[PDB]
Each structure stands twice: as structure tokens, then as C-alpha cells.
Amino acid sequence: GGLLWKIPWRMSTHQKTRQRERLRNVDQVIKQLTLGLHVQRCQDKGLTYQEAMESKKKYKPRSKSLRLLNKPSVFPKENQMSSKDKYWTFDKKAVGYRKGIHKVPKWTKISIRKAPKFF
Amino acid sequence: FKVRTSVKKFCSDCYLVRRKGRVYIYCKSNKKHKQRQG
Amino acid sequence: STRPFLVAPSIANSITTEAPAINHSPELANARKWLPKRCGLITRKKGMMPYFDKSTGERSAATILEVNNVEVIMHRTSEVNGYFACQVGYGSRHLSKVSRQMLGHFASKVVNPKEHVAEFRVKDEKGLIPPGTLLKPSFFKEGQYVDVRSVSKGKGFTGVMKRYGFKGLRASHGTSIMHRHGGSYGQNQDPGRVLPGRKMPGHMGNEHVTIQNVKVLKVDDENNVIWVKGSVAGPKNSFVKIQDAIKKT
Amino acid sequence: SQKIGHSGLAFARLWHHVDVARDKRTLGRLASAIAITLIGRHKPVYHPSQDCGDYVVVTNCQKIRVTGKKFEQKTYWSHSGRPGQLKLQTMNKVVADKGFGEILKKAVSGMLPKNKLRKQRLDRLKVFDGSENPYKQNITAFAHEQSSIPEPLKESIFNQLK
Amino acid sequence: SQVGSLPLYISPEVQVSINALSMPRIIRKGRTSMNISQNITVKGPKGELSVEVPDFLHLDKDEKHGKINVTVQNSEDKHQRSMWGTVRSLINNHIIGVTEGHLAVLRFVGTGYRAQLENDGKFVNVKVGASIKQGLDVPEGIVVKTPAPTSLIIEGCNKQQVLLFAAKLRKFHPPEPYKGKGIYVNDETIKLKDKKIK
RNA sequence: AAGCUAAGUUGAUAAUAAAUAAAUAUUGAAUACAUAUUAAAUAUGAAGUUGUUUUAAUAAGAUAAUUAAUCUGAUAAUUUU
RNA sequence: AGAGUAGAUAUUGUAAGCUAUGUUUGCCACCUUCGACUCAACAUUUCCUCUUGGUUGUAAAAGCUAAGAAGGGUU
RNA sequence: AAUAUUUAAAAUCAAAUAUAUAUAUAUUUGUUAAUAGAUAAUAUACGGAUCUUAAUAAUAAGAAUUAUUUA
RNA sequence: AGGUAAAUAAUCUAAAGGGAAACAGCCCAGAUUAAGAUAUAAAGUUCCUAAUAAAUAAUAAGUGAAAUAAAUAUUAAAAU
Ligand SMILES: [Mg+2]
Ligand SMILES: [Mg+2]
Ligand SMILES: [Mg+2]
Ligand SMILES: [Mg+2]
Ligand SMILES: [Mg+2]
Ligand SMILES: [Mg+2]
Ligand SMILES: [Mg+2]
Ligand SMILES: [Mg+2]
Ligand SMILES: [Mg+2]
Ligand SMILES: [Mg+2]
Ligand SMILES: [Mg+2]
Ligand SMILES: [Mg+2]
Ligand SMILES: [Mg+2]
Ligand SMILES: [Mg+2]
Ligand SMILES: [Mg+2]
Ligand SMILES: [Mg+2]
Ligand SMILES: [Mg+2]
Ligand SMILES: [Mg+2]
Ligand SMILES: [Mg+2]
Ligand SMILES: [Mg+2]
């Protein structure tokens, strides 16, 4: 009411592009972690780096966090996500049950990917 | 002229009109049904 | 004959078109204006006298306006000056008082050194009177309507009560020293300033005044006077511009 | 080293012509280009503390392009300082009162920087509704362009000056 | 499209020609626009008349059977085919004007309500009731005749002009529902209200 | 008596014109019909707008003279218009 | 929903619904003169004056209701 | 071409992922706009300019709005 | 309610610098001193003002363009 926190209700094209890149970067981090674990498993079994990378059979991670992060239904990749959920986040105190993801504190660091099926 | 945000057609002889960036209703039979979307 | 010059292709090949007329131009302004079809006179207010109608006995005040050597000096035109006007000179003056430049001007226009010079704007070219012609009081018709322009009397640094008719304050009931003052001159912090045009004490008078629809009662040439019903702005021996009325005929 | 030499050509105020009859850019875009020229950003010798601008002459402004209903709707404001004296004039009326080039002049003035150089850069822009201007000879021309121009047109541009 | 697709039958005494002008005028709108550079002229026994038409509309002749058709390039454009229909209607109306003519009958209902012609038949004076004289002067291409003071005939070759003049005359006194009083443009009538004085 | 003044005297309320608001119309489709148009064309319409009239300030422009015992101003003296 | 001799919509619109103002009475605690006289400037949510639509409920006159309208006026 | 709920990716349909090499299970995504309602008091306030494009037609403009995206 | 009472972060308090027009608390980032070549964060690239070229649809209302105003009404879009 009194203070002027002039935060617009919708993002711009540049903001959307940056958000897309950030999502992609997190996806890349997850992918690299899994690949490193796979190569480590191969090297422990005896193979070397070259055919560890070229191995037809890729070893899946055995930790809960990595397995869940790799499941698309838990942490969908950027290209899998919907345009709505790329930029809008779920709020139960807002008309339409949505708010711009840029109104979340520290939104460039924290990650949101999934909202309720019917919201 | 019934200037109102809700404009209907009461007499079957009412006809809609799009003039001056506004919606009008004119009735050929009953002149009471003239309306304007203000 | 031949000199070195170069032409830009853009300018050379530009298509010729005429710029439209803009309202803020002398031609359109002159067309719009409301001007008489005849020139007027310069006169010198001499004073006021009664006027008695011989037939009905009506008595009405009348100002006496002297016509003394009123001559047309030169003309103004639309193709040279942007408006149609007749410059008119009144009176006789002395070499010592007139300047060399204006002496040359009067000599060139073949007139004598003049007490006063002022120009009257006519509607078109039909109203321009030839230069050097002496204009007489009979230039106006008895019973017609003219407009008179002149500088009014000076009243000096006048207070708000006299200048704008403010009521002032009471003379009693505890009123303090400021009796003849205008009261408040603004509002609180919101404006924070006195708005332009606030009525305040200041010099009044010595200002041009145009009185319209003054009736010409009597005109005679053996005395060189013009009679105007009513009153004319300015003190005695003050110059007045008389010209046919624009509103009534 | 690059700076040592004859800078007289560099700091020369050329005269540029933009014929709105041929130009296809709209009012604002044309005005942005004109403002760039008047500021002098197009000169590699430009430094902010200096006024390196060039003269610009605009002709046939009566064919300027305006999109939408701006002509009948856009309003220009002016206020002396006395409350209740807010003049609001439509673009149509401003055009009928002061001409078409007045709109372009306002646009360029708005796009110019807000400095002591603003007005002297603005007066450097000459606008004419028609084609008749006194700066026909004050336009950059080269000897290698004269071939296309016919002789009578050259004679007209030379002898029939204002 | 149904209106504009109907052909036109032209008698031997009426001819229709189409040509272009020197100054194409281009009028603007939002995402659309129009360009007008053609003109159609209809000649007939009762004078000549003309219409302005865009470049996207063409007339197909047929001397046999005396038939002419009007068509545009692209009917997918609603803002084009509406103009096609309107231009068909206008040229047909002009053809009726030249071959036969357009007529309107004004009836002056009311006691003392009457019309007269003055100024060599140029001015029309109406007495619908006023302390001030009322009327107006006929435009070019329209001619007026009064068989009776209470009746008036306005006719010419341009339907729009004849009927606009008729309506302008009627504006002085339209019909009054309580008692029939005013100028009636044509056979059209009004419904009167009951007396039912309080 | 002069002057000032209103209780007195005189004049004015600034047109004609141009676009419009609400609103009243002609022809006319897309949409056989209908529709004044939030299509193309064609008209009416306000003490409001533009203007006009009146008074400030500006001087684009115009006439004239240009080193003068009567070229232009000022200081100075007698004063009010 | 109901009055309006008839008919919810000429006028009228009673519980409830959606909003607008920040002139009222309160609420918070960032920040510790009412009236009169004089002169008023601004807004329009127009009282009068101009243009206009509706009104078995506008025959005329006087009205009611509404649209444009802040130029002038408003003990 | 006419009677014509609803404003939808749940269900169906179409593209993609992970297991599957003659085919299936599971997962991810894709379902409307414009105007009116609109709203006060020193001064119009997207920060301002200004922003919608058009053949003939020149070196050379055609969102600077919204929604998905690319380099 | 820029209210009040406590519960998790974070910042101001005690934090300069970039963005949010201006801005204690929001987005990014923590000034030992310089230099100014490279990669940048948030935010942006018509001019004021450092920096951009495109694709596919929609808008015609200057709607909107860095503070989305509701019920409702009108006109338009396809599924059988
Ligand atoms: Mg007193
Ligand atoms: Mg005391
Ligand atoms: Mg005292
Ligand atoms: Mg005080
Ligand atoms: Mg029809
Ligand atoms: Mg009708
Ligand atoms: Mg008027
Ligand atoms: Mg009832
Ligand atoms: Mg209630
Ligand atoms: Mg109002
Ligand atoms: Mg009555
Ligand atoms: Mg699904
Ligand atoms: Mg405001
Ligand atoms: Mg608190
Ligand atoms: Mg800290
Ligand atoms: Mg402390
Ligand atoms: Mg800081
Ligand atoms: Mg910015
Ligand atoms: Mg800053
Ligand atoms: Mg806007």
C-alpha cells in the first residue's frame, strides 16, 4: 500500500530466456553427476575412460536423490516442462492460484519444477 | 435511451448497432427499448 | 558565366509540392480578422461640453476632438507588409523637436513634421486613401458610430480597494491596523506559492482603452472639431484614434 | 598517433537532406535517425564533451508517415504555471497551426540529450512542409553524381534559388 | 457475395464504361487498407453519372444479352467482397436512375402544413409551423414539382441525393404520433396513440 | 474655484465564420433481409472548442539619416499631460 | 421480489452480489483551533442557463428520468 | 450447410522420452480473443520522446504490444 | 492497514557496487590498492543511454509498452 516495490506481474522476454538457461544449467549439472558416477563404476570394474564413455550400457545411480532427480516425473527437464510452469508458480493466496516465478525470493538460485496436476 | 452496461433486446424488433465505439439497441416497435452501452 | 557548382541528386530529383497554409501566418490571420473598410483619424481630446438637442431638449455630455492637419503619410500592403493599413499623421511640429531621420521621412513622403503618427488597419485595399490628402471632420457622418482608442489617465500606485474594488475590512469591532488590505493572498502548503495573476496593489492607469460604439453627434469644419457622445479616455490634449465602428455598421 | 593530423575535415558540419516523400520510415523512427545525426554519434571523432553534430534539412514533411489514429488522437501539452491553464492540442491542430515539420521537430527535441547543447543541436534541424527551401545549395554533392542529373534541372537548382 | 454476384442487365440506351485516374488515393485503416484509382461512368437518356471504384474490382462486358458482371480478385477478403457487393448495388442504382429515374413523394399532414417553390424553383419553403420562414435550396441534379400544396415530388438521377434531400426536408417536422402531423417521405406510416385524456 | 470621487455620466458582455459532444439522418454490404459506418461514400447538431473582440510583452518587417556650428541620447534647468 | 388501475424495467428497485471515492464516524500509531471577515484558485458527482433520448405513465403548460456540457451565474 | 452443452490434454488424439531390436508398458507436453463496465480536485505522466507501415520508390522502413522460441 | 503477536530463511541493522526511473529491507553481488585485456551475474540493446538480428501466431483497442480493476454485457473463434 505505502511502499513502492515496483515488481511487475509478468516477466520479459530476456528474463524468460535467462530462466530457461538456468533450468538447462541445472539439468546439465545433474547429467554430469550421473555420467561421472557411471564412469567411476566402469573404472572400478576395470574398464578405462575411453570405453567407459563409449559403453553401450550406462549405469544408473543408486542413491535416492539422484534417482528421483533423474525421474522426469519428479524433476522434469527444461524441454519437458510446460511454458506455464517455466514462469509461473503455485500460490494459494492469489487469484488464479498462480504467481510469477520472479516474485519468489532468490528465484534465480532456488528451483521449482512441478505444480499440482490440476493446478 | 436506457444507457446501461447491460444491453439486451426486449422487443423482437430490436436490432443491434455498432457506432461511435459503442453498442446501441434500437427498437422499431417500442421506443422504450432504445439502449446504449455506457 | 560558368562557375563551379554541384547539385545533390536528392534535391535535383525531389518532386515539387507546395506547402499548405498554416493558421499562424499573416495571410490567414488577416483573413480571419474583424477590420473596418475605411481609414480613421487622429484627434486631440480638448474637453467636454454639453450637447442640447434643439428638437427634443435632450442634454448629453460630449467630448470635443480636434482635427488639425490630419494627412495620410504612406500605405501598408499584404505583399510587402502582411496587412492593409494607412499611416496617418496629425499636427504640426518644429525642426528643433523632430529628429533628422524623421525629418527626412516626412520630406520623402511630402508632408510637414507631425505631432503624432499612427496607422489604422483596413480590411482590404479599397479602403486605402491616397497619401498627402488632408482629412476633415466631415470624413465622418452625423449620427454614425465610431470607436475611440486612447491612453487613459494615470492613477499611480493604487491599492487593491481602489484598483479592483475589494471591500476591505471593518472600521470597528476590533479590526487591527490593516483596514484597507485585501485579506488572504493564497492557500496553505498545497500551492505553497501565490498563483500568477493574484490581484495585488500596483500601478493603475496609463493604459490603452478602446471605447466602442460612440455616437458622432456633431461634425463641423469651420471649428475643426468632432463631437462624440459620452467620454473619452485620457487627460486633455491627449491623442485619440477614431475609426468607424466594427459592431454597429 | 591516430589523432595527429588535420582534423578540420573531421570536425566539419555537413548538411544532410531527408526527403520524406521518398523515405518510408515512420515519424518516430525517422526522428531517431535525425537525432543520431544531430548528436553526431555517426562520427568516429565524437567525444561527449564536444558538439560534433551536422545540419539536417527535411523536405516534403507533409507526406510524413504516422500510424494508427495518432493524427486525430495524440495530444501535445503545454502549461505556463498558472493552474487551470493546461493547453492540450491534438496533432491535427498542431499541424494546421504550425505545419507538419513541427511534429518532427518536437520528436527530435525529445530524443535529444538534456544538456546545454540541446537547443543549439535542435536549431541545427531545418524542416519544410514543401520542397522549396533556401538550403538547396547547402547539401553534400560529389562530382561523380552529376551524370544522372539532367542539365535543365541543374540550371533550375542554380539560377532559381530563393 | 450474393448481392454482388447478381448480374446487371443493361438496355441499348444505357452504357457503362470503366477507366483509371491519375492520382490513386489510398485510404487507411488498421491492419487493412484500400486503394482507389478507377472510375465507372454510366451514360443514358436522362443524363450521365459516375462512381469511384478501387483497383481490385473489375467489370465483365457482354454485348450479347446486354449483361455485365462485377467481380474482385480475392473473395477471401471480407473487407474486399463487402465493397464488391456495395459497388454492384451502387452501379445498378445509377443504371435505374439514368434509364428511369428516382422519385420520392412527401406528404404534408396537418392543418396549414404546406410547401411552395420559390426562386425560379430553386428554393423550397415549408410551413410546418413557425414564426420564422423555413426551407432550403435544392442541390444540383434534383428537380422538384408540386401537384398540390400538401404534396411534393423530388426526383432525379441519384438515389442517395434525392432521399437525403427528402430526409433533410422531413427533419423540420417528422410525424407526431398523437395527431398525424409532419412530412411523410414515402408510403411509410406511423402508429398513433390513444387519446385517453386524464 | 481646481482636483478626486459616486449617489452621477458613457460604453461594453466582442460578432460573422470552421470543426465537433450527446443526438437526428441518406445510400449501402460482409450478413437475400437489416444496419447512419466499431465498411467505403453523403448530411444536420451545444451558452462547450477553434476563432473573433479587448489589454500586456515582443519586435519579424517598413521609411529615413548616417562623423553631424541645427547628426542620436545623457548629465543640467522650468514643469505635468 | 414487489408497487406502478393493465405491464418487473415511464417512474420505481426493500434481503442478498460486484466494485468506485477517500468528503463522514471509526480503526493503526510512521509523523506531538470551530465559527466569522477578506480574497479566493481548482474539480464535476450540473442547482440555473444551451443541445438531446425516454415517459399506458410526454395532448398543451408544468413536470419525472437520463446523455453532452464547467462559458457565464449560483441571497 | 443447418437445430448447436463446453472454454477442456482428466478422458481421447498427436508429437517426444525410459525400458524394448516381429511390439508393448510407463512418463512429459499441446485446448481463445477485442471492446464496455473505468471513476476528482496545482499539470497530460509507459521515467520522457515516441512505438502498429505503404506499389510505383532510390545505399534504406514496416512494433519499440502480447504468447512460444532461436541464435 | 506502512496494524499487531509470535514460527522457519534472507537482507538492512553494521553493506559500498549493478538492476528495480527515484528507492535502508526486493533481484545480483560482498570495496586491501591500482590497472582495464578477457568471462560474466541480475537487468537491458530505436534516441535520451553502454549494447540485436531473426522465426511462428495474435492485437487495431495506443489495448499495451516496469505498480494487470470485479460481477456483468456485446461482438467474434470448433466439437460433434
Ligand atoms: Mg468599509
Ligand atoms: Mg494588537
Ligand atoms: Mg484602526
Ligand atoms: Mg498562515
Ligand atoms: Mg440493404
Ligand atoms: Mg432507419
Ligand atoms: Mg454554437
Ligand atoms: Mg406488479
Ligand atoms: Mg439492497
Ligand atoms: Mg457529465
Ligand atoms: Mg411540455
Ligand atoms: Mg496426459
Ligand atoms: Mg493525472
Ligand atoms: Mg510491523
Ligand atoms: Mg551480512
Ligand atoms: Mg542501532
Ligand atoms: Mg547498498
Ligand atoms: Mg529502464
Ligand atoms: Mg540509480
Ligand atoms: Mg497506455
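Note: ideal-geometry Cβ built from the backbone for every residue, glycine included; neighbour counts use all protein chains shown. Rule-based calculations on the coordinates, nothing more; no lab input.
Determine whether region D:136-152 contains at least one residue that is more than 26 Å from D:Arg29 (Cβ to Cβ), hydroxyl-bearing (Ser, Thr, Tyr) and over 14 Å from the mean Cα position of the chain (by Cα).
yes
Assess whether C:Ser99 counts as being surrounded by 12 or more Cβ atoms within 10 Å (Cβ to Cβ), farther than 26 Å from C:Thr249 by Cα and hydroxyl-bearing (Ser, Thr, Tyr).
Criteria not met by C:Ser99.
Do the conditions hold for A:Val26, that is, is it more than 21 Å from A:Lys114 (Cβ to Cβ), more than 11 Å from RNA strand H (Cβ to nearest atom), surrounded by 11 or more Cβ atoms within 10 Å (Cβ to Cβ) and among the β-branched types (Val, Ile, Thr)?
No: the conditions fail for A:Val26.
Those residues that are in contact (Cβ under 8 Å) with a residue 60 or more places away in the chain, of a type outside the set (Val, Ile, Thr) and not in a loop (DSSP other than H, G, I, E, B), I need them from region C:1-44; list them, please.
C:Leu41, C:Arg44
Working carefully through the options E:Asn119, E:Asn186, E:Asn158, find the one that is surrounded by 16 or more Cβ atoms within 10 Å (Cβ to Cβ) and touching a residue at least 12 places away in the same chain (Cβ under 8 Å).
Just a single option satisfies the conditions, and that option is E:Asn158.
Scan region C:172-198 residue by residue and report those that are within 20 Å of D:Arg82 (Cβ to Cβ) and within 16 Å of ligand 1 (Cβ to nearest atom).
C:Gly182
Can you tell me how many residues within chain B are touching a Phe, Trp or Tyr at 6+ places or on another chain (Cβ under 9 Å) and either away from chain E (no Cβ under 14 Å) or within 11 Å of RNA strand I (Cβ to nearest atom) (or both)?
16
This table checks each residue for (1) in contact (Cβ under 8 Å) with a residue 12 or more places away in the chain; (2) in a strand (DSSP E or B); (3) farther than 20 Å from E:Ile153 by Cβ; (4) not aromatic (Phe, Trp, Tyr).
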site: E:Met34; (1), (2), (3), (4): yes, yes, yes, yes
site: E:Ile40; (1), (2), (3), (4): yes, yes, yes, yes
site: E:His58; (1), (2), (3), (4): yes, yes, yes, yes
site: E:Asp62; (1), (2), (3), (4): no, no, yes, yes
site: E:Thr71; (1), (2), (3), (4): yes, yes, yes, yes
site: E:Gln80; (1), (2), (3), (4): yes, no, yes, yes
site: E:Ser89; (1), (2), (3), (4): yes, no, yes, yes
site: E:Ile95; (1), (2), (3), (4): yes, no, yes, yes
site: E:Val98; (1), (2), (3), (4): yes, no, no, yes
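Out of D:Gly99, D:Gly110, I need the residue that is more than 12 Å from chain C (Cβ to nearest Cβ) and either closer than 21 Å to D:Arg25 by Cβ or of a type in the set (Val, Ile, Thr) (or both). Which one?
Criteria check complete, one pass: D:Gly110.
Considering region C:90-122 alone, what residues qualify as being in a loop (DSSP other than H, G, I, E, B) and polar (S, T, N, Q)?
C:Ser92, C:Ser96, C:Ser99, C:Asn112
Report, by residue number, each residue of region C:195-248 that is closer than 23 Å to C:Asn68 by Cβ and free of Cβ contacts under 8 Å to residues at least 12 places away in the same chain.
C:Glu222, C:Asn223, listed by residue number.
Given the criterion farther than 20 Å from A:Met11 by Cα, more than 12 Å from RNA strand H (Cβ to nearest atom) and exposed (fewer than 12 other Cβ atoms within 10 Å of the Cβ), identify the matching residue among A:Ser73, A:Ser65.
A:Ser65
Looking at (1) within 11 Å of RNA strand G (Cβ to nearest atom); (2) under 17 Å from C:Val240 (Cα atoms); (3) charged (D, E, K, R), which is the only condition C:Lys136 fails?
Failed condition: (1).
Which pairs do you get when a residue that is farther than 21 Å from C:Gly40 by Cβ, found in region C:93-121, comes within reach of a residue that is among the β-branched types (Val, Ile, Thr), reach meaning Cβ atoms under 8 angstrom, with the pair 6+ apart or on two chains?
So the pair list comes out as C:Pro113/C:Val98.
Given the criteria under 22 Å from C:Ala245 (Cα atoms), within 14 Å of chain D (Cβ to nearest Cβ) and of a type in the set (A, V, I, L, M, F, W, C), does C:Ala21 qualify?
It is false that C:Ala21 is under 22 Å from C:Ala245 (Cα atoms), within 14 Å of chain D (Cβ to nearest Cβ) and of a type in the set (A, V, I, L, M, F, W, C).
This table checks each residue for (1) within 14 Å of chain D (Cβ to nearest Cβ); (2) among the aromatic types (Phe, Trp, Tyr); (3) within 28 Å of C:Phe239 (Cβ to Cβ).
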{"site": "C:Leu6", "(1), (2), (3)": "yes, no, no"}
{"site": "C:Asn13", "(1), (2), (3)": "yes, no, no"}
{"site": "C:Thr17", "(1), (2), (3)": "yes, no, no"}
{"site": "C:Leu28", "(1), (2), (3)": "yes, no, no"}
{"site": "C:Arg38", "(1), (2), (3)": "no, no, yes"}
{"site": "C:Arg44", "(1), (2), (3)": "no, no, yes"}
{"site": "C:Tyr51", "(1), (2), (3)": "no, yes, yes"}
{"site": "C:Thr56", "(1), (2), (3)": "no, no, no"}
{"site": "C:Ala61", "(1), (2), (3)": "no, no, yes"}
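Looking at region D:11-42, which of its residues are within 14 Å of chain C (Cβ to nearest Cβ) and out of contact with any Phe, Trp or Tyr (no Cβ under 6 Å at 6 or more places or on another chain)?
The answer is D:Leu14, D:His16, D:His17, D:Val18, D:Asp19, D:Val20, D:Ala21, D:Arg22, D:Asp23.
Quick one: would you say E:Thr111 is exposed (fewer than 13 other Cβ atoms within 10 Å of the Cβ), more than 30 Å from E:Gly4 (Cβ to Cβ) and either of a type in the set (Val, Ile, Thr) or touching a helix residue (DSSP H, G or I) at 6+ places or on another chain (Cβ under 6 Å) (or both)?
So E:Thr111 passes the test.
Is one or more of the residues making up region C:45-65 surrounded by 12 or more Cβ atoms within 10 Å (Cβ to Cβ) and not in a strand (DSSP E or B)?
Looking for residues that are surrounded by 12 or more Cβ atoms within 10 Å (Cβ to Cβ) and not in a strand (DSSP E or B), one finds none in region C:45-65, hence no.
Within region D:1-22, how many residues are under 24 Å from D:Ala141 (Cβ atoms), of a type outside the set (A, V, I, L, M) and more than 13 Å from the chain's Cα centre (by Cα)?
The number of residues fulfilling the criteria is 6.
Tally the residues that are within 12 Å of RNA strand F (Cβ to nearest atom), closer than 29 Å to C:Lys109 by Cβ and assigned to a loop (DSSP other than H, G, I, E, B), restricting the search to region C:123-179.
2
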